[PDB]
Amino acid sequence: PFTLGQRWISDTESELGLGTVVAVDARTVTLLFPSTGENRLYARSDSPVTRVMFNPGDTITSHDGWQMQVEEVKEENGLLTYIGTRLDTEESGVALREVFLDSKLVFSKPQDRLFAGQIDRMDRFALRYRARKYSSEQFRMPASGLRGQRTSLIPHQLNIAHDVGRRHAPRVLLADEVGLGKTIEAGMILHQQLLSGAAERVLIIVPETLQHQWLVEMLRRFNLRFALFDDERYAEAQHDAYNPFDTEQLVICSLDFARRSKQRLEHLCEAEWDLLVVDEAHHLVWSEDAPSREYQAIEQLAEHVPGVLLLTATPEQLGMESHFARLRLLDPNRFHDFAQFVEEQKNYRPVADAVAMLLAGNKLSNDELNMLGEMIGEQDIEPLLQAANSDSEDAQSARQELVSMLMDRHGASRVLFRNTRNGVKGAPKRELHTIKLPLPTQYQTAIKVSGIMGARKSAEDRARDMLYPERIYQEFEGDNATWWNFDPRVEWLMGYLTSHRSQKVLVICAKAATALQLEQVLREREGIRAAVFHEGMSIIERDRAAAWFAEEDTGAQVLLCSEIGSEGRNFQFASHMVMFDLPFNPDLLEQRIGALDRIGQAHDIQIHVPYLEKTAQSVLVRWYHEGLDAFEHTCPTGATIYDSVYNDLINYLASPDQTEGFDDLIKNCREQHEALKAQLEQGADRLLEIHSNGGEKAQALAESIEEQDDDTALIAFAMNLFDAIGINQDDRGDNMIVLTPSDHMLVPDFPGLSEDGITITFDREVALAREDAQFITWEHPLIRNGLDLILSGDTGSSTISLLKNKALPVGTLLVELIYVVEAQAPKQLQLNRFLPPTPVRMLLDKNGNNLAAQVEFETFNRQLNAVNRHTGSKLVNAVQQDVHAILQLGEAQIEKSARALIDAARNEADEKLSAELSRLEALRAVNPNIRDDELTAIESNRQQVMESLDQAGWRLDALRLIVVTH
Amino acid sequence: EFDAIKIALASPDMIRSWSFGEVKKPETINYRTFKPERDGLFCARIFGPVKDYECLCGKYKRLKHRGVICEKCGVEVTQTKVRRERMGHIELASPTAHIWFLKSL
Amino acid sequence: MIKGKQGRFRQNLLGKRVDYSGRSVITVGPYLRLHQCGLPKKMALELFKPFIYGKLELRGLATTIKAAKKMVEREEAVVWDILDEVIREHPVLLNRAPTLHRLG
Amino acid sequence: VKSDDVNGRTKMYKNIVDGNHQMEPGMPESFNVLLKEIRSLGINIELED
Amino acid sequence: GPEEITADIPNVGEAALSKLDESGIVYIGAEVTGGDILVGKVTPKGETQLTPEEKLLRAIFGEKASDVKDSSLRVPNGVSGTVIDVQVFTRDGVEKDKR
Ligand SMILES: Nc1ncnc2c1ncn2[C@@H]1O[C@H](COP(=O)(O)OP(=O)(O)O)[C@@H](O)[C@H]1O
Ligand SMILES: [Zn+2]
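Protein chains in written order, with PDB author numbering: chain G, 2 to 967; chain D, 16 to 120; chain W, 330 to 433; chain P, 1293 to 1341; chain S, 846 to 944.
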């Protein structure tokens, strides 16, 4: 009966508004929702749509917005046209083609079921209402809930999750130091965006090793998978589709794979993602003189991804300019000149005192008020400042908004994010141990004559060459010379691991050949099994070695990793470390050490380093240990400290005979390091990490979310939903329950189940202990599938319930009405954060009086009990005409309520959009390098979203009859 | 719901009327992924979705866009059991005799 | 596919292992009327099992179905009563081996 | 409904546990399988009234 | 992988494991009944399923403590009995377990 021009409503997707029948085919039909503007190709079979009916005497509105009174309908060629009397002008005989109706539906009321003899049982209404109540809040919950992860709650972790995961097109620099957990936080962001629906298509580019770790971790904890596109997958996706990548949703792809060909980069660019994830962003080689091909490729990616996540473990190893370049990628308007960030930090050195005083509740001197005004470049300051300064009635939130503005002109404290370990509780310990050994004379003979032409190498290059005395010895005495026979290091480490035969150790050297030969020695001589990580090992081999070393129960006793082997693999089980060759530059050794300094350590990390006497190793050890103490501590200030004494340091190293005047240099370096640390802790930072952890207020917020996760309502609701489905449940006892299909399942096959069954636990900590079982939540896919199934299960709603009140008059009728307040717009306008489909509960007696707010649904629910079927429906519907009247009261009593519900999210959108515009304009006025058309466009979008949100409506979704017996 | 049964020689238009689309490529799976190669012998858009209420592209998920032909991968969203009945057809380059009527004996 | 024993023409004729079946050795039954067949307990709690589930969950003795299953497998005294109720009038078909007659 | 019809089997089980004694009128799916088998061959094998 | 005769079985109550031995074999003279496990046997959860992401998992190895389906041999339904003897037979090159 389909025909061109008809208007239909989707059954499951009531949120798209009215759909226009664009075209029909023999077996297919192309519809269009103009309110969403989205075209959908449905199969003619299976009818996933409905033709909502405006009965005669109803009221309709054309797309121009003028209402009418339908009085007749005619059908020709399976196409319906309406005739009615207008309501604005009361002109009769006005005909309308249904194509010219509104694009958004405010109708399809279900009372016709009651007036046509169709009704259901009581167990089809309460579940619907509670599911609606839980689901609507997801789009304005505390970040739709953020408990759907297999993570041990940490303050800054959840603070970052809540902050980033509720922001459109986020772009930040996650630069928490090594091992604190940035993959977990980023997974929180990704899962939050996915659950909210704000993001669906994402990119993830990581180093070669991190791909498998990320994939397995996200699937195991966030239940997220991102397909990996190697050469073969990319090639066959080409050989089928025009655009290979876009078939999938979430992707893993190495930048190595990405930059292979320009057209491949273009294909990646034109895939229209939402979020971009880049791991170890320090590798991005920016240079105003000559940016790298990889760097500009990732720049194109940034240009064509609304969302970006910069994850770097070494924000400052490449000096200050790379950090500024990364921020410029995040915000070119803010970070336009490199010479301004340093002045910003110097100016913010004392400024934390202002916020400290403000948070104390005391008054702020007007002199300091016209310095807070100086920091923030706006002139609307006084209205907010006076309200917050006197601790006005809006102060609880006005102060929060004021400090948000201060952040905004501080740098937002959002493009940057750091977490230390000194003030951040949870660092077990980092003990250091040093061992000195005699330098064998063979390397002395080699190095004495090593310098003939080697002066061509620079001092940096001379130190790099000295990094492998074994390899220079091979070069002098033929390749693969027996260097490992006269090594006191070999004997020392043999004894060390003899002490630790019953324990696992991570040994790390500088290159692949070193790892190969050392493993050869250990396996052939002492029979000690050691899992290597040399570059000759493919990623599969790397995974195999990681697995064998991870089998603490009878696994590899030693993990030999080359320089590249110091990747983000989780070796928290390994609590001991060995530094073989004592790497030259600091931050590489910092990353190596952080390879173990993660969560889940069996005990504190103790590090061992054998160094031969009278060599560059001793100088580097002394300098790092005393001048900066960069080993035991994690003070991130080495970027320019290394540069300052760079030339003298490399001269000393390349000329070990030069030793005069070294202690004073060490002392001055320590003076600089401690002065810089004092400057940083006083201000320009150490409040940024406070924002990252959000303080004890954020801790209490996280605790509230955790208590919400501890809620036991989901367990009962999901268990009874499974029982209705027919899923066999068997409990083991340790908070583990196995669900399996049964002979009496409502569907032959369900998405999230198999014949083998699956174990689940509702507890966070047990799930952490037991990675087997899934962590079931409202965020888990199974519960989402069931919730959507019940919501789309339009069958139900109507009920026949009995209430046993001996002291209430017999025959009293109470109608429970569940309406839905909905708005229509594209997903890319993210109305979820502003207005989702929202339930509205009303309780009407015979005279249409409200009792919903006087008694809650749950306490009411215990009293109800369904009574006999259709005989009951007829007996009670003997007076069903009154229901038609009741609506005219109930609507009249809830329509106003809908208005009260409509008036709310307008502030939510307006305030945040105006704040973002204010920051944009304040930054733009300082820097005349912005396109005014873009801000005109976002102002137009502000008007668009405001006006659209001003449009709304409420529809009826469920109705329940209740009769009180005695 | 079925009165007497009728059997007759099938017209080519009848055969093409017993299909949603035509197969045009002999292929089974990726051998890397589960890729049902386009116009493959198990083509998703000619027969149905490999997994219930899904699109091969993975855009829609398990009930929401039910009975929707994914605009990208061109596949209905219905149960995998729909794959059991959706017939296909191979257009012959040249007319080819049917052996059964040749050798009814 | 249209030929041989697996031919889908002669398929519903070969023989189907029907569910709700049974068997036993036979024993005389005086004290029975002429329309009663003494059926064992151990076989009448595995024939009318789903009927027992229905009349059990409906009565509310164990609303959830898995509880009803675990109750019947627990031989709880109530299940005998429910089974008696369901088999109150629920004719069974007794079929001898070679069914020449139509009385068989 | 007691030999091969999986959908019929499940539906009948639902009706029995739900307290409704009723088969589902409709041609067994074996007919549909045979019909598609014949249609594999160039044979109309259509239905009638 | 091989089939495991360990007493460890998922989706089984403590009642079943009460009479078994640690190895997974019932003790002599155990008055078994219908449904009790005589031998605790399990299989390694089907085969290669899901998607090439599943092959990725196999490359990384799964993350299941159980990682084994239940295939224990129980008493046939409807027979009591008192176990007399339980013989064990081993292929050469298989180290004999506790039972
Ligand atoms: N909340 C948490 N719960 C469990 N494990 C965690 C948590 N946070 C971090 N980890 C562990 O720390 C490891 C390192 O995290 P990742 O962010 O990938 O690298 P890094 O922390 O060094 O940047 C991960 O493998 C993860 O297992
Ligand atoms: Zn699709």
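C-beta: ideal position from N, C-alpha, C; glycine also.
Taking 8 angstroms as the limit between beta carbons, can you name the residues of its chain near residue i, skipping five residues before and five after?
{"i": "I784 of chain G", "result": "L715, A719, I777 and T778"}
{"i": "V622 of chain G", "result": "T435, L583, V610 and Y612"}
{"i": "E91 of chain G", "result": "none"}
{"i": "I61 of chain D", "result": "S34, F35, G36, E37, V38, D54, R101 and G103"}
{"i": "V95 of chain G", "result": "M69, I84, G85, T86 and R87"}
{"i": "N244 of chain G", "result": "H268, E271 and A272"}
Residue i touches chain S at which residues, Cβ-Cβ below 7 angstroms?
{"i": "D757 of chain G", "result": "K890, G891 and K914"}
{"i": "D731 of chain G", "result": "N856"}
Please go through the same chain and pick out, in chain order, the residues whose beta-carbon is closer than 7 angstroms to the beta-carbon of residue i, but skip the five residues on each side of it.
{"i": "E186 of chain G", "result": "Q158, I161, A162 and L175"}
{"i": "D12 of chain G", "result": "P49, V50, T51, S793 and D795"}
{"i": "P752 of chain G", "result": "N786"}
{"i": "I1337 of chain P", "result": "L1327, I1330 and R1331"}
{"i": "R98 of chain D", "result": "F62 and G63"}
I want to verify the contact list: residues of chain W whose CB lies under 8 angstroms from the CB of residue i, in sequence order.
{"i": "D724 of chain G", "result": "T393, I394 and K395"}
{"i": "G727 of chain G", "result": "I394"}
Cβ-heavy atom distance between residue i and ligand 4 below 7 angstroms?
{"i": "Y75 of chain D", "result": "For the structure depicted, ligand 4 is absent and the ligand set comprises only ligand 1 and ligand 2."}
Which residue comes first and which comes last in the alpha helix (DSSP H) that contains residue i?
{"i": "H157 of chain G", "result": "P156 to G166"}
{"i": "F34 of chain G", "result": "No alpha helix (DSSP H) holds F34 of chain G; the beta strand (DSSP E) holding it covers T29 to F34."}
{"i": "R465 of chain G", "result": "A460 to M467"}
{"i": "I887 of chain G", "result": "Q882 to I903"}
{"i": "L590 of chain G", "result": "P587 to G595"}
{"i": "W409 of chain W", "result": "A406 to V415"}
Which residues of chain P have a Cβ atom closer than 9 angstroms to the Cβ of residue i, listed in chain order?
{"i": "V347 of chain W", "result": "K1294 and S1295"}
{"i": "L24 of chain D", "result": "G1334, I1335 and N1336"}
Between which two residues does the beta strand (DSSP E) carrying residue i extend?
{"i": "residue 977 of chain G", "result": "Residue 977 of chain G falls outside the range modelled here, since chain G spans only 2 to 967, and no answer is possible."}
{"i": "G85 of chain G", "result": "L80 to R87"}
{"i": "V822 of chain G", "result": "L814 to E823"}
{"i": "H324 of chain G", "result": "First-last for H324 of chain G: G320 to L331, but that is the alpha helix (DSSP H), not the beta strand (DSSP E)."}
Residues of chain G with CB under 9 angstroms from residue i, in chain order?
{"i": "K1303 of chain P", "result": "Within 9 angstroms Cβ-Cβ: nothing; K1303 of chain P doesn't reach chain G, min ~10 angstroms."}
Who are the near neighbours of residue i in its chain, counting only those whose CB is closer than 6 angstroms to its CB and skipping five residues on each side?
{"i": "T515 of chain G", "result": "none"}
{"i": "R961 of chain G", "result": "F126, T800 and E817"}
{"i": "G566 of chain G", "result": "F534"}
{"i": "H305 of chain G", "result": "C270"}
{"i": "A389 of chain G", "result": "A396, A399, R400 and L403"}
Measure the beta-carbon distance from residue i to residue j and round it to whole angstroms, keeping in mind my assumption that it falls under 8 angstroms.
{"i": "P171 of chain G", "j": "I155 of chain G", "result": "Not confirmed; about 20 angstroms, so no contact."}
{"i": "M321 of chain G", "j": "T641 of chain G", "result": "6 angstroms"}
{"i": "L310 of chain G", "j": "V343 of chain G", "result": "Not a contact, Cβ separation roughly 26 angstroms."}
{"i": "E16 of chain G", "j": "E823 of chain G", "result": "6 angstroms"}
{"i": "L788 of chain G", "j": "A132 of chain G", "result": "6 angstroms"}
{"i": "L204 of chain G", "j": "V252 of chain G", "result": "6 angstroms"}
Give the residues of chain G in contact with residue i, contact being defined as C-beta atoms less than 8 angstroms apart.
{"i": "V1298 of chain P", "result": "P749"}
{"i": "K1328 of chain P", "result": "Within 8 angstroms Cβ-Cβ: nothing; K1328 of chain P doesn't reach chain G, min ~16 angstroms."}
List the residues of chain G that residue i touches, going by C-beta distances under 7 angstroms, in chain order.
{"i": "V1325 of chain P", "result": "Going along chain G, no residue has its Cβ under 7 angstroms from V1325 of chain P, so there is no contact; the nearest lies around 16 angstroms."}
List, in chain order, every chain D residue whose beta-carbon is nearer than 8 angstroms to that of residue i.
{"i": "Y43 of chain G", "result": "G82, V83 and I84"}
Run down chain P in chain order and give the residues with a C-beta less than 8 angstroms from the C-beta of residue i.
{"i": "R337 of chain W", "result": "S1322, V1325, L1326 and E1329"}
Check distances from the C-beta atoms of the stretch 41–52 of chain D to those of chain S and list, in chain order, the residues that come in under 7 angstroms. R47, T48 and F49
Quick one, which residues of the stretch 750–776 of chain G are near chain S if we go by CB-CB under 9 angstroms, in chain order? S755, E756, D757, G758, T760, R771, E772, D773 and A774
Listed in chain order, which residues of the stretch 777–806 of chain G have Cβ atoms closer than 7 angstroms to some Cβ of chain D? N786, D789, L790 and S793
Chain-ordered residues of the stretch 1305–1318 of chain P with a beta carbon less than 7 angstroms from chain W: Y1305, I1308, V1309, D1310 and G1311
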